[PDB]
Every structure is written in C-alpha cells, then in structure tokens.
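Note sheet for the following structure.
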Amino acid sequence: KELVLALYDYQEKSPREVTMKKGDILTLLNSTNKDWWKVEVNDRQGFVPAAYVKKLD
C-alpha cells in the first residue's frame with residue numbers, strides 16, 4: 001500500500017482518531033479527505049490530520 005511518515009506526535013481526540021509518534025511509519029488506508037487521513041498505526045486504525053503526515057514516495 002502507501003506509506004506515510006508522521007511529522008509530529010498526534011494524540012487522538014475523538015473515537016475515530018488514532019495516536020502516532022513523530023517518526024512513525026504508518027500504512028495509509030484512505031486519503032480521500034483533504035483534512036483527515038485514515039492510517040494504520042501498529043495494530044490500530046483511524047484518522048490523523050493529513051497535514052501531520054507526509055506521503056513516502
């Protein structure tokens with residue numbers, strides 16, 4: 001799939017969100033929304049702000 005790099009820590013603030021640490025390599029599940037992307041962080045899935053991750057090309 002697609003991988004993204006976490007640019008900052010992000011602590012989930014809502015049920016559909018997930019937490020990540022700066023430096024994390026996340027599997028990107030859905031990037032159809034411009035503000036919130038669905039990612040896999042270890043054994044969890046949910047939304048983090050699109051601005052806080054960077055697609056790995």
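Ligands are numbered from 1 in the order shown, residues from 1 within each chain, and chains are lettered A, B, ... in the order they appear in the structure tokens.
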Tell me, as number ranges by chain, which residues lie within 9 Å of residue 6 in chain A, counting only C-alpha atoms; anything in the same chain fewer than 6 positions away does not count.
A: 20-26, 52-54
List the spatial neighbours of range 29-34 of chain A as a list in words - criterion: any atom at most 10 Å away, only C-alpha atoms, same-chain residues fewer than 5 positions off excluded.
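Selected residues are residues 1, 2, 3, 39, 40, 45, 46, 47, 49, 50 and 51 of chain A.
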d(CA of residue 14 in chain A, CA of residue 38 in chain A) in Å
13.4 Å
Residues within 7 Å of residue 19 in chain A, only C-alpha atoms, excluding chain neighbours under 4 positions, as a PyMOL selection string
chain A and resi 10-12
